[PDB]
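Peer 1: sequence plus experimental coordinates follow:
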Amino acid sequence: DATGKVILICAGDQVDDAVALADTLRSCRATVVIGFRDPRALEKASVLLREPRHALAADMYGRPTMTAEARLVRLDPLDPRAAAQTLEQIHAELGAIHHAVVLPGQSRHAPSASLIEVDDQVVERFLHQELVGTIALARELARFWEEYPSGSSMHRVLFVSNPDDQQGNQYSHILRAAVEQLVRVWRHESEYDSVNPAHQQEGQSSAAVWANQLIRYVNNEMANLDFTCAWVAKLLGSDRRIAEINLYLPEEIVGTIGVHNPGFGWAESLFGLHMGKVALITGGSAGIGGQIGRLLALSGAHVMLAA
Amino acid sequence: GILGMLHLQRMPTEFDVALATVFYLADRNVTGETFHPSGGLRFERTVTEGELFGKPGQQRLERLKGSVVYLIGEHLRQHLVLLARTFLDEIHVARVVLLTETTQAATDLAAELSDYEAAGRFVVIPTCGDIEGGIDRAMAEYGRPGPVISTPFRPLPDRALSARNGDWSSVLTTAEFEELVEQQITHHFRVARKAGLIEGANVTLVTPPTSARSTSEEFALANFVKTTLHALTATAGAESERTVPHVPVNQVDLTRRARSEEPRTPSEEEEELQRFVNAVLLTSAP
Amino acid sequence: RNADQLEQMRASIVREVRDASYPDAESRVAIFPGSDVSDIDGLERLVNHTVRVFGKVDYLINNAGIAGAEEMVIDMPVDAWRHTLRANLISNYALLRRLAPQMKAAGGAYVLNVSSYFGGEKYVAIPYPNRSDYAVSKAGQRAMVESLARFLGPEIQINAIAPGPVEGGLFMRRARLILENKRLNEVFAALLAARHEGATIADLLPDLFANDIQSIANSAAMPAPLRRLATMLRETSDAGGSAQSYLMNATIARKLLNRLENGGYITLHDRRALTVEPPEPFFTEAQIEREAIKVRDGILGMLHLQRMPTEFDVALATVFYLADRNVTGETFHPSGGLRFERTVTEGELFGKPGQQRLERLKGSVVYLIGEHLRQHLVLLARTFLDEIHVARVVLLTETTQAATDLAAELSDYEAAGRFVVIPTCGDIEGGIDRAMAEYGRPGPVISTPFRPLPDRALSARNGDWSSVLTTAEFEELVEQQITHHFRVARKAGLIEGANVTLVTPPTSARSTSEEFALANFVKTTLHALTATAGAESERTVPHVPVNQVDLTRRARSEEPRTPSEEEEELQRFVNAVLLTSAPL
């Protein structure tokens, strides 16, 4: 549930993944603010979002919702005094922001999957705009939360990693190692500083932070971009405090637990109702009877279709 | 024409009705009721259950003098013999036609109605299960059907006299149910269809068996036959006004849904019979 | 209405939802201490508080309930009936009207009117004796739905719920009540029988309230029926109760006297308290237990599955029903299936005055009211006097101007006292008492309403909410079209030989569509009222058959065609009235 909550997705040039995350979060009846790191990507995102595929919000039952549309802003993490200005601007526009899904800078950090062949030409961009960039954004957000204390639940900052195409993801590994600690050390400091009267007197009472990671570079399938959406939307819109920092997808989705959820919550609600019963259906090949047989088999009973 | 009778102005799809049915299947506390998975339609109902108090209208009484009336049936012997007596004495009908599906009952009814033998109005013919042929001969004899009097040749089978038991040996089986459907539902359709074919042959279906809750596995039996005849007249009634031929179809039932209804009073059912003779002389034709 | 119970149930529900993994901040739930529902003007504060704490309203559940004083119609005071109707029926439309203008802009609106299956069902007004208000106010809660579903529009949905007997009090209070009513019954029958043959209560009241059955039997200076009743009590009744020696009690004494007062049997200044107070054990517990078993078994014998549902099942069924987005104006049955002895509306059952039947009520007194349909009343008077030759006709009128208009309209039946008129000024009790005092005691009373339909619109979208039927009009409509019938029927209930015949207005000609819903409301509510009243009037020693007659949907069916052709309805009205007014 995210009705009264605002989710700002700290996206980058990843139009497809960020827009998919925006759709899966707006399916939880929540307004979104999609900020893109690099320029020349805002207009492509606007064109893609103009289409009704991503311009309409439907919840997990398949019912459309009149939730607020997807806003679009420009953010420059590596460049201070402008990201903070945009943060205060979106403050004035909407109010405080607490849910911040932080995605990396670029899709593929390097064109070649190697670390020693290079001679400081692209790894400088990596180490300067995707590690430091993340650190700058983390403080940009921390200041917004502490400079402006807001009494509510703990602050949530997911740290979704990039997907895998080929040759694994050596850079994803690096960012993951830097993230786990940033989340760990932060969570601790935050929780310790939530009770100190010294920092409490600054304005009003503030709230702590609880962050995680959602590693995806191990699963190479077709539903890893829908499993990731499920895990990002479950750790934000619910009250579930993971005691572990890094989370990892299964090497095989259908292999361990194959579940397909095209917004089919009715069939999930109709689970184990009529279990261990045999049913005889007449003309259950096409029409109402076929659908009754479908929902009864999904319920758990035994069916015998005759036409 | 459709979608204009819907309050929400939205037609449901198969998924909604299937989901509602599947969710209703797990109630485990309901029985003998009709569910409505998705419906808010506006057709209301042109036909509703009614009753009758008697006192037939004098204006709509003398208009049937010098006419021809067709009646079928043999199981309700006294009902028919009195019917003929009333039709000839007070109604002063010109011609009365009686249909019989066997010869022994034909002779018995001839002996019963020999009081009108000199007049020659009553006619008994040994028909058979080919009711279409019988009525065709009946109308080929003279005239055409008018106030068609519908009456089952035999009462409801209830041969096993059980809708359920504990040993499952003396219960109404599939063959007896098929016979009941063919004789108490399909027979009425056959007679009415023929009555409709003859314009002005207004057909009045009747439910003779006044089974009561006192008769187990028989009261609801009377209830079902009534409901089925209701369904039959309801749709038929719609097609009779728009179409050129004018054949109003009426259904009159005496097996009231009043549990035991009348008690077991010997020689004190002549009032209920008189109520019936009133019901049959009403409706039909003026 | 209470605070501690609400606090405890909120604690339990908030714990349950916290275990349900929702982003709860104790904001999903709220309380309103002292939110009594019988006062209408105080609901606006509740609505404002709701729209302030939350913002709007989307689901409205009208589940406020009042069992009622739990007596027979002929016993009820008017104030209890008004309280029951206000806390049970009007409180639904009050909130509905207060929330509809904002509800229209939402689009996901739903109104649920929780009713009781004993209230009734569509086209069958099932009886429910001794709980008349709880049947009328539960039939109204679905009549509103059936009449308003079409006009509410697509954005708002509206249905009802009818759960029957639901349980996983033992009817002890019910057992005591049925025993006491039995007492009021044989005592009332005794005096009636005594006064039926050359006797008066005047000389029968002084020794009556001595509650000494031995003295009553030994003295023999009193009419026989009370003596035989005393002997039957001496023989049959249990010996382990005060009843074995005493007759009345602190309750069945005042109530019975009031019955006689209301019925006109006993005049004023004839009321006194009990000289002797019977001891505490008036009724042997064994009798209470036996009546409890009997009631229970009679209630439980109607189930097809031979078991009763629990609140959880009906709550689950209602909650699952709330998610349907294609159903409007239909009554659901969350857990039902029962055997009933009900009645079905005939819909203009065919019938005419049969010869050799008439002239039974010749030289008698007939009763009628009304001021709205003047021509109808004068037509009735003409048809009552030309053929029947009625000895006395009483037509009470709401206002004096209409009385003068009626007097000028007739102007030919005077100089004999047959055509007698009288003002009412909205006080039916005063007019009926004057009729019982100076005029005779007519049997066939007719509950013809004094005033016409509200004649206003009730369908509109957001931004236009001025001409709509508001709660004040609705209360006036309920008071004049439902409560008026109850008042007339109840006050005329305690009459020997009464033939009460409720009549609902046949609306008018060239009618709009909006006012074709209040008619259905009145139809259903009066159907439930007359069904319950007729069921009660059968056991009750005196039998006053109530028969409801309406001329709506009679060849009209919302089809506008009325060029002349009035004689059809002119003759149909008299045919129906004379037919229902003459039993046997």
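Peer 2: The structure has been received and is ready for your questions. Residues are numbered from 1 along each chain as shown, chains lettered A, B, ... in the order given.
Peer 1: all contacts plus neighbour counts: C-alpha atoms, from now on.
Peer 2: OK.
Peer 1: and the residue in the stretch 101-250 of chain B positioned nearest to chain C, how far from residue C:475?
Peer 2: Nearest residue of the stretch 101-250 of chain B to chain C (CA to the nearest CA) works out as residue B:213 at 11.8 Å. For residue B:213, the distance to residue C:475 equals 44 Å [CA to CA, to the nearest Å].
Peer 1: returning to that earlier point: and the residue of the stretch 101-250 of chain B closest to chain C, what does it touch?
Peer 2: Residues in contact with residue B:213 (CA atoms under 8 Å, 6 or more residues apart in numbering or on different chains) are B:219-220, B:259-261.
Peer 1: so which of those residues is the most crowded?
Peer 2: Among those, residue B:219 has the most neighbours (other CA atoms under 10 Å in any protein chain shown), with 22 neighbours.
Peer 1: excluding chain neighbours, give the residue nearest to residue B:192 in space.
Peer 2: Once flanking residues are discounted, residue B:192 sits nearest to residue B:203: 6.0 Å by CA to CA, 6 or more residues apart in numbering or on different chains.
Peer 1: I'd assumed residue B:252 was in contact with the one you found.
Peer 2: No. When contacts are counted by CA atoms under 8 Å, residue B:203 is not listed as touching residue B:252 (11.1 Å).
Peer 1: neighbour-wise, which of the two wins?
Peer 2: residue B:203 (30 against 21).
Peer 1: so what sits opposite the more buried one in the bridge?
Peer 2: On the basis of DSSP bridges, residue B:203 is bridged to residue B:148.
Peer 1: so what's it up against?
Peer 2: The contact partners of residue B:203, taken as CA under 8 Å, 6+ apart, are B:146-150, B:192, B:195-196, B:247-250, B:284.
Peer 1: narrow those to those in strands?
Peer 2: Under the assignment DSSP state E, these contribute B:148-149, B:250 to strands.
Peer 1: how many residues are close by the residue of chain B found nearest chain A?
Peer 2: Going by CA to the nearest CA, chain A is nearest to residue B:18 of chain B, at 5.1 Å. Counted with other CA under 10 Å, residues neighbouring residue B:18 total 22.
Peer 1: any idea which helix or strand carries it?
Peer 2: Element membership for residue B:18, per DSSP states H and E: helix B:14-24.
Peer 1: ok, the residue nearest to residue A:6 when sequence neighbours are not counted - how many residues close by?
Peer 2: Ranked by CA to CA, 6+ apart and with sequence neighbours excluded, the top spatial neighbour of residue A:6 is residue A:31, at 5.4 Å. For residue A:31, the count of nearby residues is 22 (other CA under 10 Å).
Peer 1: and residue A:31, its phi and psi?
Peer 2: Backbone torsions of residue A:31, given as degrees, to the nearest 10, read phi -70, psi 150.
Peer 1: let me see the contact set for it.
Peer 2: Taking CA under 8 Å, 6+ apart, one finds A:5-7, A:67-70 in contact with residue A:31.
Peer 1: do you know how far it is from chain C?
Peer 2: For residue A:31, the distance to chain C (CA to the nearest CA, to the nearest Å) stands at 17 Å.
Peer 1: separation between residue B:206 and residue B:178?
Peer 2: 20 Å.
Peer 1: contact partners of the host helix or strand of residue B:180?
Peer 2: Using DSSP H and E, residue B:180 falls within helix B:174-184. Applying CA under 8 Å, 6+ apart, the contact partners of helix B:174-184 are B:152, B:154, B:156-159, B:225.
Peer 1: and the residue most central in space within chain A, which helix or strand is it part of?
Peer 2: In chain A, the centroid-proximal residue (CA atoms, centre = their mean) is residue A:232; its distance is 3.5 Å. Here residue A:232 sits within helix A:224-234, counting by DSSP H and E.
Peer 1: check which helices and strands that helix sits against.
Peer 2: When contacts are defined as 3 or more CA pairs under 8 Å, 6 or more residues apart in numbering or on different chains; DSSP states H and E, helix A:224-234 packs onto helix A:15-26, strand A:213-215.
Peer 1: make JSON lines out of those and add mean neighbour count and distance to residue A:221.
Peer 2: Converted to JSON lines, those look like this (neighbours: other CA atoms under 10 Å in any protein chain shown; distance: least, CA to CA, whole Å):
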{"stretch": "helix A:15-26", "mean neighbour count": "22", "distance to residue A:221": "15"}
{"stretch": "strand A:213-215", "mean neighbour count": "20", "distance to residue A:221": "14"}
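Peer 1: having no further points to raise, I will conclude here.
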